[PDB]
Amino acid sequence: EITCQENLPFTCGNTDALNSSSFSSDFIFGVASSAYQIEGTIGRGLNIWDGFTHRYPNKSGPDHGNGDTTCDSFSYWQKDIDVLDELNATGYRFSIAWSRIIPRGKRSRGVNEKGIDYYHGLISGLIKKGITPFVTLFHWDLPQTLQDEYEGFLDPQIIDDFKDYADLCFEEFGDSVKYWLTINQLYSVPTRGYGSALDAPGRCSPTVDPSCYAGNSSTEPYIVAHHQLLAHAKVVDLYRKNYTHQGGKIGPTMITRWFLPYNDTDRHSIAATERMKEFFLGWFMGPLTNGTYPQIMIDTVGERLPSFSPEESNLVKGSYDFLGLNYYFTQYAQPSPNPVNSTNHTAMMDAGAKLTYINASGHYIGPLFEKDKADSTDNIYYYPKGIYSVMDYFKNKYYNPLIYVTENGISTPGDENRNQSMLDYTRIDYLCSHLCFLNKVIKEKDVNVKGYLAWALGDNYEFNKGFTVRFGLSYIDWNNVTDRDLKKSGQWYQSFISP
């Protein structure tokens, strides 16, 4: 019988008690990254994260930091491989920058053969060290041209452009890459890119944020989510019909959270909690397992929710060989009004729920996950058991999928000095506490989880935060980015992997 801790202090950092041998022998362990965050703009065209961070600098991070140079994994990809080799990692999740291989967005406009060669060299170097690539086709960095031509995922033109890009990636890399991810965290671009305008492209309703260049927070998140599902499904169809000879697998990436009632004896809170599961997970998992949105969304969102045609429904239903599930934290849910006629209405208000990290009797859900210096009441707290609850729910509700945990990790402040940043015991605690629960859910519930990829290989540009936080298991000095030095977390993960 496995026991896992939920509260500080944790003791799971002792590899005598928890290590890779705790898991099945074929389980994959590694880390993850994304192209905008690590490569730099050298050698590629511009994308909407270049556009957004330059047009709206105060939304790029408090330091106005961006991915222009970052850790220069364009130049130093071999040092990333060296980190992985040092870890004895068996998987690496990275993303291809669409603007690096098709700068002009539409494939017929030409390919960047030097960009293709960059990924070929990376992929070959990973395989040569025994590392299995998990490659994300689209980690948010859409070519700027496509956003300016037709507003990217707001328009159905995105489907064919995304299909032709994927085709190119399968053609060029699929003989070596056997695990593909389509779109990073389905929920994020519709809500943050088109709803609150915290993320690129930065669209919203005028009274939500006067700085947005255009948008409608109440309708656009649904149109964009719809198109993401259709673009994903068209790419999976292409992969499974035209690249079956490669013997690989493909799936979407979901952002997962667990949700608990703010007040677990109040029926209103309990109902808000179940609504959250449907609005947050079901928005995409409904269509991916059934070809339809959840009925509560159909009922609430009404005319704002697009419909799938019978053909589209069939294309989207079952459009995965696995699910890449990112997991970071859990929230409590309580009821909140949905003012659909307010000029500041957003799609996120349609779930009729307010989300917190503290419940009605004052309990904070778990240890500190992210301190918010402008407002401490907005600090984020984590909950190790949420990864068990999420995996169990996916097995039970969503037809026992094959799952890879594609991201899991925690930041530490960018204000810390190098010595403090290297002594990242809070990261060891976060990672081990989640891995204990992950092993427990695989053993107790038989969830088909086959790998884990911690976020992040090394320090990088963090969406929305610049360089003001660090998520790496290896440290990077912003005054000289060549080296990636394992932190205490990296050193612990090395021992967990090869105990």
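In case it trips you up, residue 1 is the first one in the sequence shown, and so on.
The mean Cα B-factor in the deposited entry runs higher for 56-64 than for the other of 28-36 and 56-64.
Comparing 338-346 with 132-140, the higher mean C-alpha B-factor in the PDB entry belongs to 338-346. Out of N290, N400, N216, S99, the entry records its largest CA B-factor for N290. Across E407, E278, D237, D299, the greatest Cα temperature factor reported in the deposited entry is at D299. For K443, the recorded CA B-factor ranks within the highest third of the chain. Only modelled residues enter the ranking. Ranked by C-alpha B-factor against the other modelled residues of its chain, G352 falls in the middle third. Remark: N47 belongs to the lowest third of its chain, ranked by C-alpha B-factor as recorded. Ranked by C-alpha B-factor against the other modelled residues of its chain, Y461 falls in the middle third. Placement of the Cα temperature factor of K106 within the chain: middle third of the modelled residues, per the deposited record.
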